[PDB]
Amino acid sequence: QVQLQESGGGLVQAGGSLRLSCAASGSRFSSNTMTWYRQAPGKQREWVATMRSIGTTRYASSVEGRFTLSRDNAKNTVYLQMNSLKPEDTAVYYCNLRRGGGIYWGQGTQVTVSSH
């Protein structure tokens, strides 16, 4: 069926940059809405970004101008480029994809940003 596989998490220094990938199988990103969320240590889950089937993007106020979404249809993969990272960005990052009446989730990947 439908499965999402996230990759790219790890440890980085403040001010650094890294890219998360969300690779889909069983359904195309270009068919539906995909979303990123993050879950920081002492916080509730928060929206990060959305890309619609048509490729249009929206970003949360806490990441706008630093994070950007792109999509490779031939690899059925969506990328979250995370620039100018801050310790406040430390969290588990999730991606999901809608398909029909269901929502399918990646396994989550930890990003840890060390203080300067």
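Just count from 1 along the sequence shown to find any residue number.
With respect to the recorded C-alpha B factors, which stretch has the higher mean value, 93 to 101 or 17 to 25?
The deposited B-factors put 93 to 101 ahead on the C-alpha mean.
Averaging the C-alpha B factors as listed in the entry, name the stretch that ends up higher: 47 to 55 or 26 to 34.
The stretch with the larger mean CA B-factor is 26 to 34.
Of the options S62, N73, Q39, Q81, which has the highest CA B factor as deposited?
Out of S62, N73, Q39, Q81, the record gives the largest C-alpha B-factor to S62.
Looking at the entry's B-factor column for C-alpha atoms only, identify whether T109 ranks in the lowest, middle or highest third of its chain.
It falls in the middle third of the chain.
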